[PDB]
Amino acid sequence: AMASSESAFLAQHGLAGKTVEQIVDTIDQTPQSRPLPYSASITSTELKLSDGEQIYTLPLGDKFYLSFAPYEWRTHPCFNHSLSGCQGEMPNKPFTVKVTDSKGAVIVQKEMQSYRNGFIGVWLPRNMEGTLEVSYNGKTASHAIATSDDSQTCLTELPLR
């Protein structure tokens, strides 16, 4: 009969009518310093949103979201990515990004720009295992990744050497 607080939250933060990917992309890529006015974190299966004590959960779709932040000097640990609170070391930098699965298939291969928050997000098939490689100005980092339901959505262990 009446609009939920959850539905109203969506409407007031610019998120109504968007697909869940567009919502995640919009939030992760917002060109503001952190923290954002509301909290947002992402797991293998849910986007969690909050205006205060109260939490809304939006199911993800067919694709797993991995957000990673390459670094040169220092890093911080991360399991589920905070779209609203975390700052990576390298904002607005051009990277070359390659994701390859366990049987050699290239899933991602392109030039990507890190966001204001220093992260890059990719949308990946679920239940794969593979490798992410990142490269910047002659330097590279790589790390094993997986996209099962218990896999992390945040990868910060990418020291460029």
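We number the residues from 1 along the sequence you see.
S.K.: Would you mind comparing 99-107 and 58-66 for me and telling me which has the higher average C-alpha temperature factor in the entry?
M.R.: Mean C-alpha B-factor is greater for 99-107.
S.K.: Would you mind checking where the Cα B-factor of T75 ranks among the modelled residues of its chain, as the lowest, middle or highest third?
M.R.: Middle third by C-alpha B-factor.
S.K.: Splitting the chain's C-alpha B-factors into thirds, which one does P37 fall into?
M.R.: Tercile = highest for this residue's CA B-factor.
S.K.: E133's Cα B-factor: lowest, middle or highest third of the chain?
M.R.: Tercile = middle for this residue's CA B-factor.
S.K.: Sort the modelled residues of this chain by their C-alpha B factor and say whether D149 lands in the lowest, middle or highest third.
M.R.: Its C-alpha B-factor belongs to the highest third of this chain's values.
S.K.: Tell me, lowest, middle or highest third: where does the Cα B factor of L10 rank within its chain?
M.R.: Top third by C-alpha B-factor.
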